[PDB]
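Below is one structure, written out as structure tokens; the observations come after it.
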Amino acid sequence: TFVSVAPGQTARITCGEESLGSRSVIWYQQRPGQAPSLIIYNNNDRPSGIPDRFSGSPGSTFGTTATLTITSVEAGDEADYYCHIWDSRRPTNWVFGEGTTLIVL
Amino acid sequence: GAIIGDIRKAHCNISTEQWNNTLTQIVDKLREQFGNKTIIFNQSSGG
Amino acid sequence: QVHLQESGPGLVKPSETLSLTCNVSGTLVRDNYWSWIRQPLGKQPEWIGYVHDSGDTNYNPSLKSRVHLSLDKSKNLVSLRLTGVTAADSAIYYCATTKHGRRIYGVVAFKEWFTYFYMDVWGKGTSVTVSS
Ligand SMILES: *[C@@H]1O[C@H](CO)[C@@H](O[C@@H]2O[C@H](CO)[C@@H](O[C@@H]3O[C@H](CO[C@H]4O[C@H](CO)[C@@H](O)[C@H](O)[C@@H]4O)[C@@H](O)[C@H](O[C@H]4O[C@H](CO)[C@@H](O)[C@H](O)[C@@H]4O[C@H]4O[C@H](CO)[C@@H](O)[C@H](O)[C@@H]4O)[C@@H]3O)[C@H](O)[C@H]2NC(C)=O)[C@H](O)[C@H]1NC(C)=O
Ligand SMILES: *[C@@H]1O[C@H](CO)[C@@H](O[C@@H]2O[C@H](CO)[C@@H](O[C@@H]3O[C@H](CO)[C@@H](O)[C@H](O[C@H]4O[C@H](CO)[C@@H](O)[C@H](O)[C@@H]4O)[C@@H]3O)[C@H](O)[C@H]2NC(C)=O)[C@H](O)[C@H]1NC(C)=O
Ligand SMILES: *[C@@H]1O[C@H](CO)[C@@H](O)[C@H](O)[C@H]1NC(C)=O
Ligand SMILES: *[C@@H]1O[C@H](CO)[C@@H](O)[C@H](O)[C@H]1NC(C)=O
Ligand SMILES: *[C@@H]1O[C@H](CO)[C@@H](O)[C@H](O)[C@H]1NC(C)=O
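Structure representation (structure tokens):
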């Protein structure tokens, strides 16, 4: 679950299972030796303190998979990314998915 | 086969004021054939 | 600027009623919701759940055996207690707040909505390990 992307290029992160029903994806990041934080607090809505560079897919998809698109990778992007699915079909899952460690050369 | 949408039971959509619009009409005419808010609508007993 | 302090003996004997404490910073416990997160060293984090006074005392469905959360309004402290610690409990814990979020996808009266929680802030945490 390791992704290698050169600086300044585009990156794609795939997390979660098939889109059986609607989702409300929550995106989290983990910094080595530092407390986590938040990036996206909804399917597409974002909080303050971050520009509109980040993008995501809506939750009105059936049979697809949640994906994250990152462009213009910088030195500060080196962190472990986690996804949290929220389906109306399955109960609330208390275990996060396969964390993708994105490394920058 | 299966469900691939959302679990949402079948439902019917009537306007909220239409049922009162027709109510006042039959009610006013009912005062003629029948003795004149004494009008009560109740569900059937069943069977 | 939000900071918090934790505690812990460091070394915990097996099969001991371990207790953990977490304080607050400015925000009172009555008008806020708190959650605990357990993360094994180097693996994905695991969510214990959220606890709140006056009814909202839901725990982790998977365990539902030895978890016990309590609140102290006078001291503004929240305590986490486990009975019968095992060898797999060595993990970093985090006490932090959470924010609600609503989504409706159907009829308002037929329960087609589930509240989703996101943690705006995260705690510093304290390391807990078990040895002999
Ligand atoms: C028969 O009568 C019943 C009621 O008696 C009526 O039920 C209604 O069903 C509709 C189905 O569409 C429900 O509408 C949904 O409502 C919620 C909440 O909307 C809020 O926000 C709007 C303003 O935006 C306000 O007007 C409203 O009052 C609420 O505050 C939303 O979840 C739905 O819209 C989102 O989801 C849609 C489906 O995925 C998307 O197409 C849409 O874009 C909306 O956003 C989604 O995509 C975004 C993409 O960026 C994303 O950011 C969002 O997070 C989200 O994923 C939808 O409007 C309505 O609530 C029901 N009524 C009540 C009272 O609750 C029936 O429709 C009516 N007719 C029939 C034939 O049965
Ligand atoms: C109603 O109940 C029936 C009976 O349980 C159920 O039928 C089952 O459907 C599933 C659909 O996945 C079948 O499972 C598949 O069987 C074979 C095993 O060799 C494979 O085709 C599939 O494996 C792939 O898919 C899995 C995910 O589904 C992956 O985990 C796996 O790695 C593979 O990619 C899969 O296991 C199952 O055989 C039938 N069972 C019977 C007895 O027919 C049906 O789905 C239920 N319907 C509803 C609507 O709930
Ligand atoms: C029912 O559908 C018709 C046709 O689309 C529409 O004109 C009407 O407004 C709908 N009824 C209500 C109560 O909204
Ligand atoms: C309908 O009738 C039942 C008895 O069959 C009675 O208990 C009930 O109150 C009535 N409801 C109304 C709305 O008049
Ligand atoms: C009518 O509506 C009332 C509430 O106004 C509800 O309690 C009752 O069950 C409904 N049905 C009848 C037959 O009164």
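Residue numbers (my numbering), protein chains in the order written: chain A, 1288 to 1392; chain B, 202 to 248; chain C, 2 to 133.
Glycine is no exception: its CB is placed at the ideal position from the N, C-alpha and C atoms.
Q) Can you tell me whether DSSP reads A:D1364 as helix, strand or coil? A) helix
Q. Are any of the Cβ atoms in chain B nearer than 7 Å to that of C:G107?
A. yes
Q) Using 7 Å as the limit for Cβ to Cβ distance, is B:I215 near chain A? A) no
Q.
Rounded to the nearest angstrom, what separates A:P1294 and A:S1311 at their Cα positions?
A. 30 Å
(Q) For A:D1374 and B:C213, what's the separation of their Cα atoms in angstroms? (A) 26 Å
(Q) Bridge partners for C:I105 per DSSP, in chain order? (A) C:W114
Q: Closer than 9 Å by beta-carbon distance: list the chain A residues that pair up with B:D229, in chain order.
A: Residues of chain A passing the Cβ test: none, with the nearest at roughly 47 Å.
Q. Just to confirm, are A:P1334 and A:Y1328 a CB contact at a threshold of 7 Å?
A. yes
Q) Can you list the residues of chain A that residue 151 of chain C reaches, using a CB-CB cut of under 8 Å? A) The shown model of chain C, from 2 to 133, leaves out residue 151 of chain C, and the question about it has no answer.
**Q.** Short CB-CB distance (under 7 Å) between A:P1323 and chain C
**A.** yes
Q: For C:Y117, I'd like the list of residues in its chain whose CB is within less than 6 Å of its CB, leaving aside the five on either flank, ordered along the chain.
A: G102
**Q.** Delimiting residues of the alpha helix (DSSP H) encompassing A:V1312
**A.** Neither: A:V1312 is in no alpha helix (DSSP H) and is coded neither H nor E.
Q: Would you be able to state if there are at least three C-beta pairs under 8 Å between the region 235-245 of chain B and the region 3-19 of chain C?
A: no
Q: Tell me, please, which residues DSSP counts as bridged to C:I38.
A: C:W48, C:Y95
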